[PDB]
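Read the structure below first, then the notes.
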Amino acid sequence: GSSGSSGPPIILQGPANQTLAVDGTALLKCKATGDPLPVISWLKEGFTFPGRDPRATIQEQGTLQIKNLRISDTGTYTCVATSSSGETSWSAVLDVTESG
């Protein structure tokens with residue numbers, strides 16, 4: 001990207017539409033740059049997530065990892081990256097199937 005810009009937080013690479021199989025591991029990649037850096041956040045259908053979930057978690061690289069997926073988990077993920085500068089968010093849906 002461009003190292004030395006002025007504006008809102010940009011998501012070099014966000015989540016994409018992936019079709020995983022229930023009872024698996026979902027990995028939602030999300031990389032955003034900013035000065036300071038934006039605050040990565042995942043919203044499930046417009047709700048805090050994972051927030052309070054043991055199975056679900058996020059890595060230092062804003063990587064949302066969820067184990068023991070479920071056909072119900074299928075929803076709309078939004079990686080929000082708010083930064084002192086501005087604000088931004090991505091769009092992606094994780095389609096969970098029984099037989100892929």
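Chains: A, B, ... in order of the structure tokens. Residues: from 1 per chain. Ligands: from 1, in order shown.
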task = From a DSSP pass on the backbone, collect the residues of chain A flagged as strand (DSSP E or B) and hand them back as an NGL selection string.
result = :A and (10-13 or 18-21 or 25-28 or 31-33 or 39-44 or 48-49 or 57-58 or 64-67 or 76-82 or 89 or 92-97)
Write the residues of the preceding selection, restricted to N, CA and C atoms, as a compact mmCIF listing (two decimals), in the first residue's frame.
# COMPACT_ATOMS: atom_id res chain seq x y z
N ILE A 10 -8.00 2.32 6.21
CA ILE A 10 -8.24 1.48 5.04
C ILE A 10 -7.94 0.01 5.36
N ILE A 11 -8.75 -0.88 4.80
CA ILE A 11 -8.57 -2.31 5.02
C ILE A 11 -7.86 -2.96 3.84
N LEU A 12 -6.53 -2.96 3.89
CA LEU A 12 -5.73 -3.55 2.82
C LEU A 12 -6.36 -4.85 2.33
N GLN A 13 -6.78 -5.69 3.26
CA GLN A 13 -7.40 -6.97 2.92
C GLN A 13 -8.39 -7.40 4.00
N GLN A 18 -16.71 -17.10 2.02
CA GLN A 18 -16.18 -18.46 2.03
C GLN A 18 -17.25 -19.45 2.49
N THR A 19 -17.31 -20.60 1.82
CA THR A 19 -18.28 -21.63 2.17
C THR A 19 -17.61 -22.80 2.88
N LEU A 20 -17.63 -22.77 4.21
CA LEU A 20 -17.02 -23.83 5.01
C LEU A 20 -18.06 -24.86 5.41
N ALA A 21 -17.60 -25.95 6.02
CA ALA A 21 -18.50 -27.02 6.46
C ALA A 21 -18.62 -27.04 7.98
N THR A 25 -13.28 -25.01 11.18
CA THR A 25 -12.63 -23.81 11.69
C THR A 25 -12.73 -22.66 10.69
N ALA A 26 -13.35 -21.57 11.12
CA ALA A 26 -13.52 -20.40 10.26
C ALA A 26 -12.45 -19.35 10.55
N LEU A 27 -11.73 -18.95 9.50
CA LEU A 27 -10.67 -17.96 9.64
C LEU A 27 -10.96 -16.73 8.78
N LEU A 28 -11.35 -15.64 9.43
CA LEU A 28 -11.66 -14.40 8.72
C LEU A 28 -10.48 -13.43 8.79
N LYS A 31 -6.94 -7.09 7.62
CA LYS A 31 -5.78 -6.24 7.84
C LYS A 31 -6.10 -4.79 7.51
N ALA A 32 -5.89 -3.91 8.49
CA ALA A 32 -6.15 -2.49 8.30
C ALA A 32 -4.98 -1.64 8.80
N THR A 33 -4.71 -0.54 8.11
CA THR A 33 -3.62 0.35 8.48
C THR A 33 -4.15 1.72 8.88
N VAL A 39 -9.13 0.11 15.16
CA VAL A 39 -9.51 -0.94 16.10
C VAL A 39 -10.38 -1.99 15.43
N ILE A 40 -9.79 -3.13 15.10
CA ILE A 40 -10.51 -4.22 14.46
C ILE A 40 -11.68 -4.68 15.32
N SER A 41 -12.81 -4.96 14.68
CA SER A 41 -14.00 -5.42 15.38
C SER A 41 -14.92 -6.20 14.45
N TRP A 42 -15.50 -7.28 14.98
CA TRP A 42 -16.40 -8.12 14.19
C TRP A 42 -17.83 -7.99 14.70
N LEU A 43 -18.74 -7.62 13.80
CA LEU A 43 -20.15 -7.46 14.15
C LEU A 43 -21.00 -8.52 13.46
N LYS A 44 -21.68 -9.33 14.25
CA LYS A 44 -22.54 -10.38 13.72
C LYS A 44 -23.98 -9.90 13.58
N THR A 48 -22.32 -7.17 18.84
CA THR A 48 -20.97 -7.43 19.33
C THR A 48 -20.61 -8.90 19.18
N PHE A 49 -19.44 -9.16 18.60
CA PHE A 49 -18.97 -10.53 18.40
C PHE A 49 -17.48 -10.55 18.10
N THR A 57 -12.39 -16.29 18.99
CA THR A 57 -11.32 -15.42 19.45
C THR A 57 -10.65 -14.70 18.29
N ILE A 58 -9.80 -13.73 18.60
CA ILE A 58 -9.10 -12.96 17.58
C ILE A 58 -7.60 -12.92 17.86
N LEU A 64 -10.16 -13.55 13.06
CA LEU A 64 -11.26 -14.18 13.77
C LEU A 64 -11.28 -15.69 13.54
N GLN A 65 -10.98 -16.45 14.58
CA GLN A 65 -10.96 -17.90 14.49
C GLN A 65 -12.08 -18.52 15.32
N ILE A 66 -12.95 -19.28 14.66
CA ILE A 66 -14.06 -19.92 15.34
C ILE A 66 -14.05 -21.43 15.11
N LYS A 67 -14.03 -22.19 16.20
CA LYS A 67 -14.02 -23.64 16.11
C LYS A 67 -15.40 -24.22 16.39
N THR A 76 -23.65 -12.46 8.67
CA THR A 76 -22.92 -11.40 7.99
C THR A 76 -21.86 -10.79 8.89
N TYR A 77 -20.60 -11.03 8.55
CA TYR A 77 -19.48 -10.51 9.33
C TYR A 77 -19.04 -9.14 8.81
N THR A 78 -18.77 -8.23 9.73
CA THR A 78 -18.34 -6.88 9.37
C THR A 78 -17.12 -6.46 10.17
N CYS A 79 -15.95 -6.47 9.53
CA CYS A 79 -14.71 -6.09 10.19
C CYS A 79 -14.56 -4.57 10.23
N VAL A 80 -14.95 -3.97 11.35
CA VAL A 80 -14.85 -2.52 11.52
C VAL A 80 -13.48 -2.12 12.04
N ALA A 81 -12.89 -1.10 11.42
CA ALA A 81 -11.58 -0.61 11.83
C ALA A 81 -11.61 0.90 12.06
N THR A 82 -12.07 1.30 13.24
CA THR A 82 -12.15 2.72 13.59
C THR A 82 -10.80 3.24 14.07
N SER A 89 -15.22 -0.24 7.41
CA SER A 89 -15.73 -1.58 7.68
C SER A 89 -15.79 -2.41 6.40
N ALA A 92 -18.65 -9.39 4.42
CA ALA A 92 -18.41 -10.78 4.06
C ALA A 92 -19.40 -11.70 4.76
N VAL A 93 -19.78 -12.78 4.09
CA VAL A 93 -20.72 -13.75 4.65
C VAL A 93 -20.12 -15.15 4.68
N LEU A 94 -20.22 -15.80 5.83
CA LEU A 94 -19.69 -17.15 5.99
C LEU A 94 -20.80 -18.19 5.88
N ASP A 95 -20.94 -18.77 4.70
CA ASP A 95 -21.96 -19.79 4.46
C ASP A 95 -21.52 -21.14 5.01
N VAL A 96 -22.20 -21.59 6.06
CA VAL A 96 -21.88 -22.87 6.68
C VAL A 96 -22.82 -23.97 6.20
N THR A 97 -22.26 -24.99 5.56
CA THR A 97 -23.05 -26.10 5.05
C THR A 97 -22.71 -27.40 5.78
request  = Please identify all polymer residues within 7 Å of residue 36 of chain A, counting only C-alpha atoms, omitting same-chain residues fewer than 2 positions from it, and present them as a PyMOL selection string.
outcome  = chain A and resi 34+38+83-84
Å distance separating atom CA of residue 9 of chain A from atom CA of residue 37 of chain A, one decimal place =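 For atom CA of residue 9 of chain A relative to atom CA of residue 37 of chain A, the distance reads 7.5 Å.
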task = Go through A:54, A:4, A:14, A:62 and flag the residue nearest residue 35 of chain A, using only C-alpha atoms for the distances.
result =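 Under the stated criterion, the closest residue is A:4.
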